[PDB]
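Participant: Got a structure for you, questions after.
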Amino acid sequence: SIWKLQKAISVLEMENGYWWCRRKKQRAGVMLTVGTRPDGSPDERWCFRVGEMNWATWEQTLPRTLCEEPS
Amino acid sequence: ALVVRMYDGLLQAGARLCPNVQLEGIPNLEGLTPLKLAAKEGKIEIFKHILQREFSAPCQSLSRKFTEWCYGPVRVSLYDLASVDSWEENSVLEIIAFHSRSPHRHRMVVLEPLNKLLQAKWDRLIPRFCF
Amino acid sequence: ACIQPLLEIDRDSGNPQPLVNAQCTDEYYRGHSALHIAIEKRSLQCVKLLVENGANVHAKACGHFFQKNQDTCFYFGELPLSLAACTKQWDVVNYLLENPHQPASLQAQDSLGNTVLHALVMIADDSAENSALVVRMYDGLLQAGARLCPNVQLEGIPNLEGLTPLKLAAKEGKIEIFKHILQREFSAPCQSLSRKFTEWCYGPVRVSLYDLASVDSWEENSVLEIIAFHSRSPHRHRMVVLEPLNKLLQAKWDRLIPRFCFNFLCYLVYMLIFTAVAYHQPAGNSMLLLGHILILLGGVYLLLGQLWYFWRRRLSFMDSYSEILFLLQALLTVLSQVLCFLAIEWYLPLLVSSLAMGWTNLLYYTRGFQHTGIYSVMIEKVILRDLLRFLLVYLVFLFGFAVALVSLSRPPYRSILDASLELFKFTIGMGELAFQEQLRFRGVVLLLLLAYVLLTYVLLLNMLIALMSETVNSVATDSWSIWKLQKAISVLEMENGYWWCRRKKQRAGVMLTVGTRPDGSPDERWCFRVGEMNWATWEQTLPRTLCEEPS
Amino acid sequence: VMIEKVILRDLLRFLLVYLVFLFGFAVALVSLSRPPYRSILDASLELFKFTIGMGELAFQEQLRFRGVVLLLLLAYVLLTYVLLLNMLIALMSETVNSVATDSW
Ligand SMILES: C=C(C)[C@]12C[C@@H](C)[C@@]34O[C@](Cc5ccccc5)(O[C@@H]1[C@@H]3C=C(COC(=O)Cc1ccc(O)c(OC)c1)C[C@]1(O)C(=O)C(C)=C[C@@H]41)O2
């Protein structure tokens, strides 16, 4: 964990930029419409994907998705 | 357990009363939304609850964890990055790394939306570190 | 509801290519099909409907989502039956086998060559429920294949690399199913699939048999050579301690101790003659030229032998750690005697270094005894863990303080390595002659010495706590398994024989008649015996024996 | 009791391996010595003085070579450090998986 923390501080400091060049950073993640908000417009948010594997899915239940087709 | 129960139910009642208000966005006098305050004070389990939070059909929009698609044993889960990404000034990662004072700052980084995110940024920016 | 009228519109239109038999076209889901969706959506009824309309039960999903090593991809093979097998839907498999239209065949292979059993091995990784599901599905599919086709034996069908599911099951490091395959007994309706029997059980003592059809090293490409020279998983040392392997390796190791001791003694004679040649280097020229010829032939012999070994079985450090040293040592000795016959005036340090390296390389043969065998495994674990990184950090410290002392020194401390020797001789306690008096400031060198001593103390203490941390959190039943694996490596090497002498190696185990085949002739197998003592025999019923009188 | 357990567990392996190291390096040094390194006993005495810390080292400088001698002595000291660490970690592994009833 301490190794992950020091790597985090390092990658954030390198993402900030050096002293003679303050750089306009980049957003990360996918922006899409997730759902519909109760006041008019649909819900439009930025997202991050995590792909995960589990084997207890059959006896448990499947929830509702955002896109039916995997893409 | 009582805190996550009261928090979720109180957010549902706030959804039912006034829809125009966004309750998790209101800052304190320090300028802090409550997720950021939960990160700054070093409170663990409630922070883990807020980062991965799902709700039922009458209030979908409150929820943060979305499934893009599930196909058998493999699943693709979406996490929101509305306050996590360091693109905006004063992000939760920036609070953990710099502005905090808690002695458990290493414990909160192995969580689900931070782990693969820092993995992706570090593997994106190896070559300038080598340079 | 709309599907059967939609397929009815597809049929009534008179289409040459039907709708249900249609493939996705992209790279990512190449060759995906409707039936795979019907299976993955847990629907028996839609599978029944699609089978009634004429769906292809061999729709080969050969896409980029279906390869093994791409990120977030699900490998199951490409067959629909494979998918229904992997996703633990039993009745779907039974319907796909026993439908009246377009029946499934278990002998079918994917584009990668795997059948249903191979992919079913591929998807098992680790749990209680995963392994129980995989083993139960495996046995049920074997029984259904037995009743469906009595023609072929299903476990004989090889992969594109040439693997049956036992061999690939060991190659990928899947352990629990592999243990299940090596000791597998079935019931009376189909007992001819089993591999374990009981010869006789005289109360609490019993003699189990095991089949060795692909486990003995007599046959080409056995499980032994796959565990030793092909398996890359870090759990191989758990895959050696199994039940019908241990008896076989003990029998072969006690069968061929004497060739090991003989070759050890010959190597000791080689090093003693090399010791005499190196000491009496300096009539006696007859003995010296005999030493030339003897060490030349020995170095040629071992150099060619280890070159042949390096060519034969290699496809990555600590496992092959032993042979590299003998190859380099033999190359050093042959090069030294080559330059000596050339008289190139470089042969004396090569000779002394070869003598040193050869006497240090004698610890290969400490694996015969367990008391030094565990010691040699600990030496290798020291060599893997901390030594390289610690030496790199030490070179950083050494070079930094040595260049500091050189640049501080304006007749001691003349050059870089000529001061680096002073810096290293200072760490053991032979450092001397401070206050060099060639410049005003010497407290500089005083503080440099203090800093170097304290930081080297810190680095040795860090190496100590790293060794303790790595050694304390590991099971005591690990080094013994590593020793058994290393003995297995050595005994298979000696069973290979010499390189100048191709041996006619022999089969192991007793051939007997284990039973009858369901087609005619009696089943005769080669088998390995194993005795066992079980004082819980009176709880259960007695198993089916071959010969009642204990032989 | 721990004296007897340590001598019984360490000597008959460790001194044998260490003796192979000392004998090989001593014959190597006598060979590479073409008044220092006079006899085999004195050479083994010098090589054990480097285990006590009294060995006097210098460049040969009119001989076969000097840095070969230096690198061999480096290899000797570092490998004996390796073996002492090995004896320590083996004794700690035997000490870790033990019970408080046994020595009593
Ligand atoms: C492959 C490795 C790791 C190695 C190759 C050579 C260069 C080696 O330096 C090392 C690096 C080193 C140097 C000095 C001290 C420690 C380590 O150690 C061995 C290697 C270190 C020694 C001792 O070898 C061992 O580690 C014990 C050993 C040898 C052979 C085995 O089959 C074995 O397994 C049981 C164990 C042998 C040397 O060849 C030697 O005596 C001289 C002349 C150089 C030694 O590199």
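FYI, nothing fancy with the structure tokens labels: chains A, B, ... in order, residues from 1 per chain, ligands from 1 as they appear.
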Kindly determine which residues of chain A lie within 7 Å of chain B, considering only C-alpha atoms, and give the answer as a PDB file with C-alpha atoms, in the first residue's frame.

Facilitator:
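Below is the file that was written, selection-v5.pdb:
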```pdb
ATOM      1  CA  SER A   1       0.000   0.000   0.000  1.00  0.00           C
ATOM      2  CA  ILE A   2       2.820   2.418   0.829  1.00  0.00           C
ATOM      3  CA  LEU A   5       0.847   5.709  -2.290  1.00  0.00           C
ATOM      4  CA  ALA A   8       0.375   8.011  -6.648  1.00  0.00           C
ATOM      5  CA  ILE A   9       2.184  11.106  -5.366  1.00  0.00           C
ATOM      6  CA  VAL A  11       2.283  10.330 -10.913  1.00  0.00           C
ATOM      7  CA  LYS A  25      -4.043  18.766 -18.234  1.00  0.00           C
ATOM      8  CA  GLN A  26      -6.254  16.118 -19.825  1.00  0.00           C
ATOM      9  CA  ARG A  27      -9.545  14.719 -18.607  1.00  0.00           C
ATOM     10  CA  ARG A  37     -32.705  12.721 -14.778  1.00  0.00           C
ATOM     11  CA  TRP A  46     -18.101  10.897 -17.173  1.00  0.00           C
ATOM     12  CA  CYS A  47     -17.303   7.265 -16.449  1.00  0.00           C
ATOM     13  CA  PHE A  48     -14.485   4.800 -15.807  1.00  0.00           C
ATOM     14  CA  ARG A  49     -14.624   1.121 -16.791  1.00  0.00           C
ATOM     15  CA  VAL A  50     -13.617  -1.798 -14.580  1.00  0.00           C
ATOM     16  CA  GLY A  51     -13.871  -5.338 -15.944  1.00  0.00           C
ATOM     17  CA  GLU A  52     -14.321  -7.955 -13.264  1.00  0.00           C
ATOM     18  CA  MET A  53     -14.793 -11.706 -13.075  1.00  0.00           C
ATOM     19  CA  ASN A  54     -17.029 -13.636 -10.694  1.00  0.00           C
ATOM     20  CA  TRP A  55     -18.550 -17.108 -10.625  1.00  0.00           C
ATOM     21  CA  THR A  57     -23.565 -15.050 -10.826  1.00  0.00           C
ATOM     22  CA  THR A  65     -27.759  -2.604 -17.652  1.00  0.00           C
ATOM     23  CA  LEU A  66     -27.168   0.618 -19.567  1.00  0.00           C
ATOM     24  CA  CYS A  67     -26.451  -0.897 -22.982  1.00  0.00           C
ATOM     25  CA  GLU A  68     -27.843  -4.289 -23.911  1.00  0.00           C
ATOM     26  CA  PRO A  70     -21.635  -5.365 -25.148  1.00  0.00           C
TER      27      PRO A  70
END
```

Participant: When you look at residue 368 in chain C with a cut-off of 12 Å (counting only C-alpha atoms), what residues show up, excluding the ones that are within fewer than 4 positions of it in the same chain? I need them as a PyMOL selection string.

Facilitator: chain C and resi 253-254+256-258+260-261+264+363-364+372-376+483-484+486-488+490-491

Participant: Generate a file of the selected residues that holds C-alpha atoms, formatted as an mmCIF file, in the first residue's frame.

Facilitator:
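Wrote again-v5.cif, looks like this:
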```
data_model
loop_
_atom_site.group_PDB
_atom_site.id
_atom_site.type_symbol
_atom_site.label_atom_id
_atom_site.label_comp_id
_atom_site.auth_asym_id
_atom_site.auth_seq_id
_atom_site.Cartn_x
_atom_site.Cartn_y
_atom_site.Cartn_z
ATOM 1 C CA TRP C 253 15.476 -42.720 -7.591
ATOM 2 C CA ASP C 254 16.353 -45.745 -5.507
ATOM 3 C CA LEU C 256 19.393 -45.273 -10.043
ATOM 4 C CA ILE C 257 21.356 -43.930 -7.086
ATOM 5 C CA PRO C 258 24.522 -45.840 -8.250
ATOM 6 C CA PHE C 260 24.634 -40.774 -9.713
ATOM 7 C CA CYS C 261 27.326 -41.805 -7.222
ATOM 8 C CA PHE C 264 29.969 -37.947 -8.861
ATOM 9 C CA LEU C 363 27.774 -28.191 -4.659
ATOM 10 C CA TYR C 364 25.514 -29.512 -7.426
ATOM 11 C CA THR C 372 22.438 -30.374 2.530
ATOM 12 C CA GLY C 373 19.723 -30.462 -0.136
ATOM 13 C CA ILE C 374 17.555 -28.061 1.858
ATOM 14 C CA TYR C 375 20.735 -26.047 2.397
ATOM 15 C CA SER C 376 21.377 -25.761 -1.352
ATOM 16 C CA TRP C 483 13.741 -30.848 -3.237
ATOM 17 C CA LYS C 484 11.443 -33.532 -4.615
ATOM 18 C CA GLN C 486 14.798 -31.050 -8.141
ATOM 19 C CA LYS C 487 15.384 -34.762 -7.628
ATOM 20 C CA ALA C 488 12.776 -35.366 -10.319
ATOM 21 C CA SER C 490 17.944 -34.895 -11.947
ATOM 22 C CA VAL C 491 16.505 -38.398 -12.212
#
```

Participant: Residues of chain C within 9 Å of chain B, using only C-alpha atoms, as a ChimeraX atom specification?

Facilitator: /C:40-41,72-74,87

Participant: Between chain C and ligand 1, at 10 Å or less, what are the per-residue closest atom pairs and their distances in Å? Count only C-alpha atoms and all ligand atoms, order by chain and rising residue number, and return it as JSON lines.

Facilitator:
```
{"residue": "C:317", "atom": "CA", "partner": "ligand 1", "partner_atom_place_in_ligand_line": "1 (C)", "distance": 8.8}
{"residue": "C:318", "atom": "CA", "partner": "ligand 1", "partner_atom_place_in_ligand_line": "3 (C)", "distance": 9.0}
{"residue": "C:320", "atom": "CA", "partner": "ligand 1", "partner_atom_place_in_ligand_line": "32 (O)", "distance": 9.3}
{"residue": "C:321", "atom": "CA", "partner": "ligand 1", "partner_atom_place_in_ligand_line": "32 (O)", "distance": 6.7}
{"residue": "C:322", "atom": "CA", "partner": "ligand 1", "partner_atom_place_in_ligand_line": "32 (O)", "distance": 3.9}
{"residue": "C:323", "atom": "CA", "partner": "ligand 1", "partner_atom_place_in_ligand_line": "32 (O)", "distance": 7.1}
{"residue": "C:324", "atom": "CA", "partner": "ligand 1", "partner_atom_place_in_ligand_line": "1 (C)", "distance": 7.5}
{"residue": "C:325", "atom": "CA", "partner": "ligand 1", "partner_atom_place_in_ligand_line": "30 (C)", "distance": 6.4}
{"residue": "C:326", "atom": "CA", "partner": "ligand 1", "partner_atom_place_in_ligand_line": "32 (O)", "distance": 8.0}
{"residue": "C:328", "atom": "CA", "partner": "ligand 1", "partner_atom_place_in_ligand_line": "39 (O)", "distance": 8.5}
{"residue": "C:329", "atom": "CA", "partner": "ligand 1", "partner_atom_place_in_ligand_line": "39 (O)", "distance": 7.6}
{"residue": "C:350", "atom": "CA", "partner": "ligand 1", "partner_atom_place_in_ligand_line": "43 (C)", "distance": 9.6}
{"residue": "C:352", "atom": "CA", "partner": "ligand 1", "partner_atom_place_in_ligand_line": "43 (C)", "distance": 8.7}
{"residue": "C:353", "atom": "CA", "partner": "ligand 1", "partner_atom_place_in_ligand_line": "43 (C)", "distance": 5.2}
{"residue": "C:354", "atom": "CA", "partner": "ligand 1", "partner_atom_place_in_ligand_line": "43 (C)", "distance": 6.9}
{"residue": "C:355", "atom": "CA", "partner": "ligand 1", "partner_atom_place_in_ligand_line": "43 (C)", "distance": 8.2}
{"residue": "C:356", "atom": "CA", "partner": "ligand 1", "partner_atom_place_in_ligand_line": "41 (O)", "distance": 5.4}
{"residue": "C:357", "atom": "CA", "partner": "ligand 1", "partner_atom_place_in_ligand_line": "41 (O)", "distance": 4.2}
{"residue": "C:358", "atom": "CA", "partner": "ligand 1", "partner_atom_place_in_ligand_line": "41 (O)", "distance": 7.5}
{"residue": "C:359", "atom": "CA", "partner": "ligand 1", "partner_atom_place_in_ligand_line": "41 (O)", "distance": 7.6}
{"residue": "C:360", "atom": "CA", "partner": "ligand 1", "partner_atom_place_in_ligand_line": "41 (O)", "distance": 5.1}
{"residue": "C:361", "atom": "CA", "partner": "ligand 1", "partner_atom_place_in_ligand_line": "30 (C)", "distance": 4.3}
{"residue": "C:362", "atom": "CA", "partner": "ligand 1", "partner_atom_place_in_ligand_line": "30 (C)", "distance": 6.8}
{"residue": "C:363", "atom": "CA", "partner": "ligand 1", "partner_atom_place_in_ligand_line": "35 (C)", "distance": 5.0}
{"residue": "C:364", "atom": "CA", "partner": "ligand 1", "partner_atom_place_in_ligand_line": "32 (O)", "distance": 4.2}
{"residue": "C:365", "atom": "CA", "partner": "ligand 1", "partner_atom_place_in_ligand_line": "35 (C)", "distance": 7.4}
{"residue": "C:366", "atom": "CA", "partner": "ligand 1", "partner_atom_place_in_ligand_line": "35 (C)", "distance": 6.9}
{"residue": "C:367", "atom": "CA", "partner": "ligand 1", "partner_atom_place_in_ligand_line": "35 (C)", "distance": 7.3}
{"residue": "C:372", "atom": "CA", "partner": "ligand 1", "partner_atom_place_in_ligand_line": "35 (C)", "distance": 9.4}
{"residue": "C:373", "atom": "CA", "partner": "ligand 1", "partner_atom_place_in_ligand_line": "35 (C)", "distance": 8.1}
{"residue": "C:374", "atom": "CA", "partner": "ligand 1", "partner_atom_place_in_ligand_line": "35 (C)", "distance": 9.8}
{"residue": "C:375", "atom": "CA", "partner": "ligand 1", "partner_atom_place_in_ligand_line": "35 (C)", "distance": 8.6}
{"residue": "C:376", "atom": "CA", "partner": "ligand 1", "partner_atom_place_in_ligand_line": "35 (C)", "distance": 4.8}
{"residue": "C:377", "atom": "CA", "partner": "ligand 1", "partner_atom_place_in_ligand_line": "35 (C)", "distance": 6.9}
{"residue": "C:378", "atom": "CA", "partner": "ligand 1", "partner_atom_place_in_ligand_line": "35 (C)", "distance": 9.1}
{"residue": "C:379", "atom": "CA", "partner": "ligand 1", "partner_atom_place_in_ligand_line": "36 (C)", "distance": 6.6}
{"residue": "C:380", "atom": "CA", "partner": "ligand 1", "partner_atom_place_in_ligand_line": "34 (O)", "distance": 6.3}
{"residue": "C:382", "atom": "CA", "partner": "ligand 1", "partner_atom_place_in_ligand_line": "26 (O)", "distance": 8.9}
{"residue": "C:383", "atom": "CA", "partner": "ligand 1", "partner_atom_place_in_ligand_line": "3 (C)", "distance": 6.2}
{"residue": "C:384", "atom": "CA", "partner": "ligand 1", "partner_atom_place_in_ligand_line": "3 (C)", "distance": 8.2}
{"residue": "C:387", "atom": "CA", "partner": "ligand 1", "partner_atom_place_in_ligand_line": "17 (C)", "distance": 7.0}
{"residue": "C:388", "atom": "CA", "partner": "ligand 1", "partner_atom_place_in_ligand_line": "11 (C)", "distance": 7.9}
{"residue": "C:391", "atom": "CA", "partner": "ligand 1", "partner_atom_place_in_ligand_line": "17 (C)", "distance": 8.7}
```

Participant: For chain C, which residues have at least one atom within 9 Å of chain A, if we go by only C-alpha atoms? Write them as a PyMOL selection string, please.

Facilitator: chain C and resi 28+42+71-72+87-88+129-130

Participant: Enumerate, as a PyMOL selection string, the complete set of residues in range 8-87 of chain D that a backbone-based DSSP assignment places in alpha helix (DSSP H).

Facilitator: chain D and resi 8-32+40-52+67-87

Participant: At a cut-off of 9 Å, using only C-alpha atoms, what residues contact residue 44 in chain A? Leave out same-chain residues fewer than 4 positions from it and give the result as a ChimeraX atom specification.

Facilitator: /A:31-37

Participant: Grab the residues selected above and save them as a PDB file, in the first residue's frame with C-alpha atoms.

Facilitator:
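And here is the file that came out, again_16.pdb:
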```pdb
ATOM      1  CA  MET A  31     -18.328  10.694 -21.214  1.00  0.00           C
ATOM      2  CA  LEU A  32     -21.779   9.366 -22.049  1.00  0.00           C
ATOM      3  CA  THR A  33     -25.464   9.482 -21.222  1.00  0.00           C
ATOM      4  CA  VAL A  34     -26.115   7.024 -18.402  1.00  0.00           C
ATOM      5  CA  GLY A  35     -29.791   7.560 -17.694  1.00  0.00           C
ATOM      6  CA  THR A  36     -32.576  10.100 -17.514  1.00  0.00           C
ATOM      7  CA  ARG A  37     -32.705  12.721 -14.778  1.00  0.00           C
TER       8      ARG A  37
END
```

Participant: Per DSSP on the backbone, filter chain B down to the residues in strand (DSSP E) and report them as a PDB file with N, CA, C and O atoms, in the first residue's frame.

Facilitator:
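Written file, states.pdb:
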```pdb
ATOM      1  N   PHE B  66     -22.659   1.846 -12.087  1.00  0.00           N
ATOM      2  CA  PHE B  66     -23.486   1.405 -13.195  1.00  0.00           C
ATOM      3  C   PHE B  66     -22.837   0.225 -13.899  1.00  0.00           C
ATOM      4  O   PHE B  66     -21.613   0.157 -14.035  1.00  0.00           O
ATOM      5  N   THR B  67     -23.665  -0.696 -14.365  1.00  0.00           N
ATOM      6  CA  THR B  67     -23.189  -1.836 -15.129  1.00  0.00           C
ATOM      7  C   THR B  67     -23.401  -1.545 -16.604  1.00  0.00           C
ATOM      8  O   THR B  67     -24.538  -1.346 -17.042  1.00  0.00           O
ATOM      9  N   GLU B  68     -22.308  -1.508 -17.365  1.00  0.00           N
ATOM     10  CA  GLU B  68     -22.427  -1.300 -18.802  1.00  0.00           C
ATOM     11  C   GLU B  68     -23.014  -2.531 -19.470  1.00  0.00           C
ATOM     12  O   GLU B  68     -24.019  -2.441 -20.182  1.00  0.00           O
ATOM     13  N   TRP B  69     -22.404  -3.688 -19.238  1.00  0.00           N
ATOM     14  CA  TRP B  69     -22.984  -4.956 -19.646  1.00  0.00           C
ATOM     15  C   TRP B  69     -22.420  -6.090 -18.807  1.00  0.00           C
ATOM     16  O   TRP B  69     -21.259  -6.067 -18.381  1.00  0.00           O
ATOM     17  N   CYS B  70     -23.268  -7.089 -18.603  1.00  0.00           N
ATOM     18  CA  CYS B  70     -22.928  -8.310 -17.898  1.00  0.00           C
ATOM     19  C   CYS B  70     -23.149  -9.462 -18.853  1.00  0.00           C
ATOM     20  O   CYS B  70     -24.229  -9.585 -19.436  1.00  0.00           O
ATOM     21  N   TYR B  71     -22.124 -10.278 -19.036  1.00  0.00           N
ATOM     22  CA  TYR B  71     -22.168 -11.413 -19.943  1.00  0.00           C
ATOM     23  C   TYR B  71     -21.550 -12.600 -19.228  1.00  0.00           C
ATOM     24  O   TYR B  71     -20.340 -12.806 -19.296  1.00  0.00           O
ATOM     25  N   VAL B  74     -18.117 -12.571 -16.656  1.00  0.00           N
ATOM     26  CA  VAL B  74     -17.434 -11.289 -16.764  1.00  0.00           C
ATOM     27  C   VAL B  74     -18.427 -10.134 -16.789  1.00  0.00           C
ATOM     28  O   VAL B  74     -19.537 -10.253 -17.308  1.00  0.00           O
ATOM     29  N   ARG B  75     -18.030  -9.017 -16.182  1.00  0.00           N
ATOM     30  CA  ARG B  75     -18.923  -7.881 -16.012  1.00  0.00           C
ATOM     31  C   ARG B  75     -18.126  -6.614 -16.252  1.00  0.00           C
ATOM     32  O   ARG B  75     -16.926  -6.569 -15.974  1.00  0.00           O
ATOM     33  N   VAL B  76     -18.793  -5.575 -16.745  1.00  0.00           N
ATOM     34  CA  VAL B  76     -18.159  -4.273 -16.906  1.00  0.00           C
ATOM     35  C   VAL B  76     -18.927  -3.271 -16.061  1.00  0.00           C
ATOM     36  O   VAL B  76     -20.094  -2.973 -16.338  1.00  0.00           O
ATOM     37  N   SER B  77     -18.280  -2.753 -15.025  1.00  0.00           N
ATOM     38  CA  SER B  77     -18.899  -1.789 -14.131  1.00  0.00           C
ATOM     39  C   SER B  77     -18.355  -0.395 -14.404  1.00  0.00           C
ATOM     40  O   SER B  77     -17.145  -0.206 -14.558  1.00  0.00           O
ATOM     41  N   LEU B  78     -19.255   0.577 -14.454  1.00  0.00           N
ATOM     42  CA  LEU B  78     -18.885   1.974 -14.614  1.00  0.00           C
ATOM     43  C   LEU B  78     -18.869   2.653 -13.257  1.00  0.00           C
ATOM     44  O   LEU B  78     -19.808   2.507 -12.471  1.00  0.00           O
ATOM     45  N   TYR B  79     -17.812   3.398 -12.993  1.00  0.00           N
ATOM     46  CA  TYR B  79     -17.746   4.266 -11.833  1.00  0.00           C
ATOM     47  C   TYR B  79     -17.769   5.714 -12.297  1.00  0.00           C
ATOM     48  O   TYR B  79     -17.265   6.042 -13.372  1.00  0.00           O
ATOM     49  N   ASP B  80     -18.387   6.576 -11.502  1.00  0.00           N
ATOM     50  CA  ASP B  80     -18.381   7.989 -11.832  1.00  0.00           C
ATOM     51  C   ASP B  80     -17.098   8.626 -11.334  1.00  0.00           C
ATOM     52  O   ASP B  80     -16.520   8.209 -10.329  1.00  0.00           O
TER      53      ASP B  80
END
```

Participant: For CA of residue 22 in chain A and CA of residue 100 in chain B, quote the distance in Å rounded to one decimal.

Facilitator: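 CA of residue 100 in chain B lies 23.7 Å from CA of residue 22 in chain A.
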
Participant: May I have the residues within 7 Å of range 392-407 of chain C as a compact mmCIF listing (two decimals) with N, CA, C and O atoms, in the first residue's frame, using only C-alpha atoms and disregarding those fewer than 6 positions away in the same chain?

Facilitator:
```
# COMPACT_ATOMS: atom_id res chain seq x y z
N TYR C 413 45.45 7.13 -2.77
CA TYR C 413 44.23 7.47 -3.52
C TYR C 413 44.58 7.99 -4.91
O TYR C 413 44.28 9.13 -5.27
N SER C 415 43.96 6.52 -8.17
CA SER C 415 43.01 6.36 -9.26
C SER C 415 41.66 5.94 -8.70
O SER C 415 41.47 5.89 -7.48
N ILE C 416 40.73 5.64 -9.60
CA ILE C 416 39.36 5.35 -9.21
C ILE C 416 39.28 4.01 -8.49
O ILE C 416 38.84 3.93 -7.34
N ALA C 419 41.49 3.73 -5.36
CA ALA C 419 40.89 4.20 -4.13
C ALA C 419 39.65 3.41 -3.74
O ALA C 419 39.30 3.35 -2.56
N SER C 420 38.99 2.79 -4.72
CA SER C 420 37.86 1.93 -4.43
C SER C 420 38.30 0.70 -3.64
O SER C 420 37.54 0.18 -2.82
N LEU C 423 38.47 1.89 -0.15
CA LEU C 423 37.12 2.00 0.39
C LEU C 423 36.55 0.63 0.75
O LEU C 423 35.88 0.49 1.78
```

Participant: Determine which residues of chain D sit within 9 Å of chain C, taking into account only C-alpha atoms, and present them as a ChimeraX atom specification.

Facilitator: /D:9,13-14,17,20-21,23-25,27-32,34,50,53-57,64-65,68-70,72,82-83,85-87,89-90,92-93,96-97

Participant: Would you mind listing what lies within 9 Å of range 22-38 of chain B as an mmCIF file with N, CA and C atoms, in the first residue's frame, with only C-alpha atoms counted and same-chain residues fewer than 5 positions away left out?

Facilitator:
```cif
data_model
loop_
_atom_site.group_PDB
_atom_site.id
_atom_site.type_symbol
_atom_site.label_atom_id
_atom_site.label_comp_id
_atom_site.auth_asym_id
_atom_site.auth_seq_id
_atom_site.Cartn_x
_atom_site.Cartn_y
_atom_site.Cartn_z
ATOM 1 N N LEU B 11 -30.823 10.451 1.977
ATOM 2 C CA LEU B 11 -30.722 10.907 0.601
ATOM 3 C C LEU B 11 -31.983 10.585 -0.194
ATOM 4 N N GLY B 14 -34.547 13.161 0.800
ATOM 5 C CA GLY B 14 -34.237 14.410 0.131
ATOM 6 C C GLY B 14 -34.581 14.385 -1.340
ATOM 7 N N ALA B 15 -34.495 13.211 -1.964
ATOM 8 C CA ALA B 15 -34.925 13.090 -3.350
ATOM 9 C C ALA B 15 -36.432 13.236 -3.464
ATOM 10 N N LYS B 43 -11.895 8.944 7.146
ATOM 11 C CA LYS B 43 -12.945 8.013 7.528
ATOM 12 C C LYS B 43 -13.130 6.999 6.411
ATOM 13 N N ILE B 44 -13.056 5.714 6.745
ATOM 14 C CA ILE B 44 -12.804 4.700 5.729
ATOM 15 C C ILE B 44 -14.075 4.103 5.148
ATOM 16 N N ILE B 46 -17.384 4.509 5.402
ATOM 17 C CA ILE B 46 -18.385 5.366 4.783
ATOM 18 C C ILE B 46 -17.893 5.908 3.444
ATOM 19 N N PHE B 47 -16.597 6.187 3.328
ATOM 20 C CA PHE B 47 -16.013 6.622 2.062
ATOM 21 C C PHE B 47 -16.073 5.519 1.016
ATOM 22 N N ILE B 50 -19.603 5.378 -0.193
ATOM 23 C CA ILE B 50 -20.012 6.435 -1.112
ATOM 24 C C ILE B 50 -19.415 6.211 -2.493
ATOM 25 N N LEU B 51 -18.200 5.663 -2.565
ATOM 26 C CA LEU B 51 -17.593 5.472 -3.882
ATOM 27 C C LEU B 51 -18.275 4.390 -4.706
ATOM 28 N N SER B 83 -15.972 13.733 -8.911
ATOM 29 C CA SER B 83 -15.077 14.426 -8.006
ATOM 30 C C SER B 83 -13.768 13.695 -7.778
ATOM 31 N N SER B 91 -9.254 17.912 -6.185
ATOM 32 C CA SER B 91 -9.882 16.608 -6.278
ATOM 33 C C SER B 91 -9.586 15.787 -5.034
ATOM 34 N N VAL B 92 -10.286 14.658 -4.919
ATOM 35 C CA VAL B 92 -10.146 13.783 -3.760
ATOM 36 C C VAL B 92 -8.753 13.176 -3.715
ATOM 37 N N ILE B 95 -6.587 15.660 -2.353
ATOM 38 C CA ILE B 95 -6.763 15.766 -0.913
ATOM 39 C C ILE B 95 -5.995 14.664 -0.201
#
```
